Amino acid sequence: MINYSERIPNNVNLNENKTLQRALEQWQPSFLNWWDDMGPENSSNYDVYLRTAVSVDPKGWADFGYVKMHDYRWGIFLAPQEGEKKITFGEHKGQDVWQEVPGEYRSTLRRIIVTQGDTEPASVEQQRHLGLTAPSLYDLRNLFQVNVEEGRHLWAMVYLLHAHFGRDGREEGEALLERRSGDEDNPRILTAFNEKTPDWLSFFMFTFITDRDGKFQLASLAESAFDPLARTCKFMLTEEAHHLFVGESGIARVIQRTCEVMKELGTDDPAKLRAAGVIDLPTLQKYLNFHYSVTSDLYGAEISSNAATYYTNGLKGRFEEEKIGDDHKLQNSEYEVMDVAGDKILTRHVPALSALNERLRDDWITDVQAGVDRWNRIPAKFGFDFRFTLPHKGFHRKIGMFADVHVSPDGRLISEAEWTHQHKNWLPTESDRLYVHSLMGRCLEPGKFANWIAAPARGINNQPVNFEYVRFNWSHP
């Protein structure tokens, strides 16, 4: 490892700003208390082989070593500042990007930053029980790496709050530790982040699908005229890519194991696959349906004056804004969205500014579909017919125009009776979830993997797959 240096590694000259540094250090012990309370369960004395960034360059990014998570060096890292960067969209296109928050947008920027910050500890809270049933040291270590990274994402947003929003900033930093996933009176802001993540199959789906909402929200904010936010999100995207990998390869390894048992037993009978302790592909498809549809609601209403305002004011851009071939102002542009009118799902064009949530949702759908295309290479290579698919965008939605109807995965509007009698085929049943639960059992033997999942293609940081990625320090409970 590179030589220790700073208590809070950073590339923002934190030490030069005494007032700001003091505010973060006053908040730190509160963060550490939250981490001990709501962080990975019973993990206080584990030594975990973790990656820590200590500077933004490739070498400093990849500082691997054993560390207790309580002692993780959470830091603050902005993509390098560019000389003479201009705003790329909206009313202010062509002007210098902002280094400070414009008073007129203070409350909106604050809202955007806090809502993003809120999802980071929510994922840790949702996932805190999982290590008790980790299917391998490798997977246990990946879970912990995701967790400390989401912890750092909370630091990333709290830094912006303290640095740019004064006393309100600090009050937002405190409340971010007071809310709690699933709590009755102070729940987390967004509904999908108040859901349970009850097993490892849900965990891999969540990091494959819901961390991908993180990618598309962060990619939109990485375009912001408010440059400290833009540069914060650009760096965060490198960590988000790791989360997406954990999710995609996690499910890939599960599909691999189930295809192996299908080949061995020579059957696709789910009763027989389950007798052999694997997760049948159809059940995997239900979990895909579930996490996909719940995540889709995170993009918000298809039509929205708020999203239009964020774009025009230069706060939040479209995904890969600069690659888009239009005027980047959209006053006379359209975008095609669906609509529901009685017994018909139809299409219409609306003003582009009013449908930016739907555009972002569509970008995310395209990305998810690419990952699903990659999973499908597995049955294909085994010569099986099974293919995973994404359901219609209107299936199982609680936000927006499809909220008041039922749509089947194959895109029909369906009756209440048909939803009630058939959705057991489309979303995990209580019984499906009990079966998956029945398979969850810790496996901490080095190089060994629980029977429902295959080994990964390679280890971490060139270590053998049977490396002791976690040391439990059992003598010191």
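Start at 1 with the first residue shown and count on from there.
Q: Can you let me know which of the two, 230-238 or 177-185, has the higher average C-alpha B-factor in the entry?
A: Averaged over C-alpha atoms, the B-factors run higher in 177-185.
Q: Could you check the entry and say whether 338-346 or 145-153 has the higher mean CA B-factor?
A: It is 338-346.
Q: Which one, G314, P379, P121, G394, has the peak C-alpha temperature factor per the PDB entry?
A: Answer, based on the entry's C-alpha B-factors: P379.
Q: Based on the PDB record, which member of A355, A271, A225, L160 exhibits the highest Cα temperature factor?
A: Highest C-alpha B-factor among the listed residues goes to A271.
Q: Can you tell me whether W452 has a C-alpha B-factor in the lowest, middle or highest third compared with the other modelled residues of the same chain?
A: It falls in the middle third of the chain.
Q: Quick one: classify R212 as lowest, middle or highest third of the chain based on its Cα B-factor.
A: For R212, the deposited C-alpha B-factor lands in the lowest third.
Q: Can you tell me which third, lowest, middle or highest, the CA B-factor of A307 falls into for its chain?
A: As the PDB entry reports it, the C-alpha B-factor of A307 lands in the highest third of its chain.
Q: Compare the C-alpha B factor of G441 with those of the other modelled residues in its chain, then answer lowest, middle or highest third.
A: CA B-factor rank for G441: highest third.
Q: Compare the C-alpha B factor of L32 with those of the other modelled residues in its chain, then answer lowest, middle or highest third.
A: For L32, the deposited C-alpha B-factor lands in the middle third.
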